[PDB]
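Only one structure is covered here, and it is reproduced in the block below.
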Amino acid sequence: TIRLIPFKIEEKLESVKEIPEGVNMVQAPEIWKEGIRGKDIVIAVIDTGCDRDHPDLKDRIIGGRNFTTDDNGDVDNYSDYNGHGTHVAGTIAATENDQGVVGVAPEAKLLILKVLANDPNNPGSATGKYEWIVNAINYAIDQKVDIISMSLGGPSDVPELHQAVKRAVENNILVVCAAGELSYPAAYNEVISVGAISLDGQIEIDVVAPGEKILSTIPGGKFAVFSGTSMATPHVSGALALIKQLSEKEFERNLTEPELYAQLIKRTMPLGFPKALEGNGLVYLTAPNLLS
Amino acid sequence: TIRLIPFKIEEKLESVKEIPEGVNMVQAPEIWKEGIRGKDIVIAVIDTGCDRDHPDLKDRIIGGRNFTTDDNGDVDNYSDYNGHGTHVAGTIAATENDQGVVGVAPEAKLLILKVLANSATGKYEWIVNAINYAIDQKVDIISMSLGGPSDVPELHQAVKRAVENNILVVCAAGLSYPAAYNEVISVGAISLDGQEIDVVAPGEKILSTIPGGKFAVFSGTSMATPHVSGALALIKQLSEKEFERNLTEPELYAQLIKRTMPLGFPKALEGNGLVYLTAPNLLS
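In order, the protein sequence lines correspond to chains A and B. Letter by letter, the first sequence follows residues 4 to 183, 194 to 216, 225 to 313 of the deposited numbering. Letter by letter, the second sequence follows residues 4 to 121, 128 to 183, 195 to 215, 225 to 313 of the deposited numbering.
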């Protein structure tokens, strides 16, 4: 079975108005200065669902689908009964609207694919069948999204799962997963594997991103501060939305998934740790500007 | 028919003792000081052959093969009657021996695949044969400073097989093929002053080895490619060491793009910029 990567809830807040520090840290507001905010990019969020009524998210969700047995298998109900999926969605793309939080790619659009139901064996976490994740990835491809974002893992190498990940990248779709017993799909060579660092820059992944004390949206129109490895991946998927818009414009052509991957690796900051710990370093979107 | 990219012979020299300016521009000596000089990396040099007796190359050539009709098709005679192949070889990996020149990856090994006969010309069949041999010989990098006007599906397929076997394929952007294939790392050139491309590298006033133990300064687009091929040998040794595992060709391509310096030109001209091996160090 597939499990959500563990995470910790630090505090819940009724209201806020800020840019979360993780969004600042990856230099997203500096890319916004180039006119690049994720316009017309679509990210499939394969997670616990989402509160589609959150004021920071209502203008960003273009649809969704429930793959779980929750709500009797109602495909139209992708409600978030956990909180994690709404939090991830906010970090990717919370709207710039002078209220609440703002995501890395605040013009991007979200396809909400619920494959994780609350896990009675591990209260607070969530769980799903391999088939549900496989179905969600194929659905994402059929809907021609740009990026697929997951924060989950299983212990088995299921061929239909590798096949769907391979199908995605063959269609030039980026597949991002947190690296948390929970090895697949993040361990597949095709997947961009993400580790976490603290907001002060302290700790087979490709990149790291902030995962400690991450402020974002939760159901009910509220906000909460989470910590955990899975907090890093929405920063990366949101960054990829900015990178794809920016690079396809600057190169004046559609770029392949291997080229878009290289554009992410160009936009990393080494932290001084071994590569087995930081991979290529912290996603750091202005890195080539700094070099020039 | 496949052809050498046109180039200019600027100077011919009897003897020199220096690191060429192009090797310095891509910051190779700074990488050597990290203990990284290309050891155990093998580069297939697909070109006019090579002078195996040049003192700067005799210790770098692991073997070679002739696919042309030169020397009666003797597959073991990869002699360079043109000079371009020997010049390419010296930029990639000329030995550090306190004489002559030094390549980007002076401890790397070269597999000399002669596919062009006297400018110089070759059949597409010869280049594909050589690409297949490079794959069979499990090289790390394939370096081509050549081009043809025709999209030959058999050439595209051989490039795909190399990349599918995690071999880096580098080609000068002349004569559009094979550099125009998406799978190939396409290399443009700049002056030492910095005046569908993946990267650029110095191509003007490039000093390197020529047959008979001599040296020459060439200028041309194809002079950029050996800089990138030698740079990739440093990068693969460095990255597999630091990541502590074999890296795939897409990961290694990203390690190249990580080590580029944007120059301020549109990406349509410079791609990701100048190969610049210390870029992550500067960033840190």
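Here a beta-carbon is modelled for each residue, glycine too, at the ideal position from N, C-alpha and C.
query                                                                                                                   : result
Where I22/A sits in the DSSP three-state scheme                                                                         : coil
Coil, strand or helix - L177/A by DSSP                                                                                  : strand
Contacts that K169/B makes with chain A (C-beta to C-beta distance below 8 Å)                                           : The premise fails here: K169/B is roughly 13 Å from chain A at the closest Cβ pair, so nothing lies under 8 Å.
Of the residues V246/A, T238/A and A253/A, the one placed nearest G232/A, counting alpha carbons only                   : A253/A
Three-pair Cβ contact test at 8 Å for the region 114-129 of chain A versus the region 75-92 of chain A                  : yes
According to DSSP, residues forming a beta bridge with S313/B                                                           : The partner list for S313/B (beta bridge, DSSP) is empty, contrary to what the question assumes.
Close Cβ partners of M153/A (< 6 Å) along its chain, the five nearest in sequence each way excluded                     : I49 and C180
Residue-chain proximity (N175/A, chain B), Cβ-Cβ < 7 Å                                                                  : no
Residue burial classification, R288/B (beta-carbon count within 10 angstroms, cutoff 16)                                : buried
Chain-ordered chain A contacts of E14/B [CB-CB under 8 Å]                                                               : Neighbours of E14/B on chain A: none; closest Cβ ~32 Å, over 8 Å.
Same chain, Cβ closer than 8 Å to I210/A, five either side skipped, listed in chain order                               : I216, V229, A230, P231, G232, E233, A253, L292, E299 and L303
Segment contact, 8 Å Cβ cut-off, at least three pairs: the region 265-278 of chain B with the region 255-265 of chain A : no
Minimum Cβ-Cβ distance from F294/A to chain B less than 7 Å                                                             : no
Span of the alpha helix (DSSP H), counted from its first residue to its last, around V137/A                             : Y133 to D145
CB contact check: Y282/A to chain B, cutoff 7 Å                                                                         : yes
Within 7 Å, strictly: CB atoms of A111/A and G41/A                                                                      : yes
Below-7 Å beta-carbon distance, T277/B vs any chain A residue                                                           : yes
Sequence-distant residues of its chain with Cβ nearer than 7 Å to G66/A (five each side left out)                       : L114
Cβ-based contacts, 9 Å cut-off: residues of the region 142-156 of chain B near chain A                                  : none
For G183/B, the three-state DSSP class (helix, strand or coil)                                                          : coil
Listed by chain order, chain B residues near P291/A by CB distance under 9 Å                                            : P309, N310, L312 and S313
Nearest residue (CA-CA) to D59/A, options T98/A, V29/A and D79/A                                                        : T98/A
Proximity below 7 Å, CB of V105/B to CB of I22/B                                                                        : yes
Buried/exposed call for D77/A, threshold 16 Cβ in 10 Å                                                                  : exposed
8 Å CB neighbourhood of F294/A in its chain, flanking five on each side removed                                         : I216
Which of helix, strand or coil DSSP assigns to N69/B                                                                    : strand
Three-state secondary structure (DSSP) of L16/B                                                                         : strand
Buried/exposed call for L263/A, threshold 16 Cβ in 10 Å                                                                 : buried
Distance, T4/B Cα to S196/B Cα                                                                                          : 12 Å
Span of the alpha helix (DSSP H), counted from its first residue to its last, around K296/A                             : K296 to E299
Distance CB(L177/B)-CB(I150/B) smaller than 7 Å                                                                         : yes
Within 7 Å, strictly: CB atoms of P198/B and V207/B                                                                     : no
Members of the region 243-273 of chain A near chain B, C-beta cut-off 7 Å                                               : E271, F272 and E273
Under the three-state DSSP convention, the category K42/B falls into                                                    : coil
Distance, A47/A Cα to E33/B Cα                                                                                          : 43 Å
3-residue-minimum beta strand (DSSP E) runs that sit fully inside the region 82-124 of chain A, ordered along the chain : 112-117
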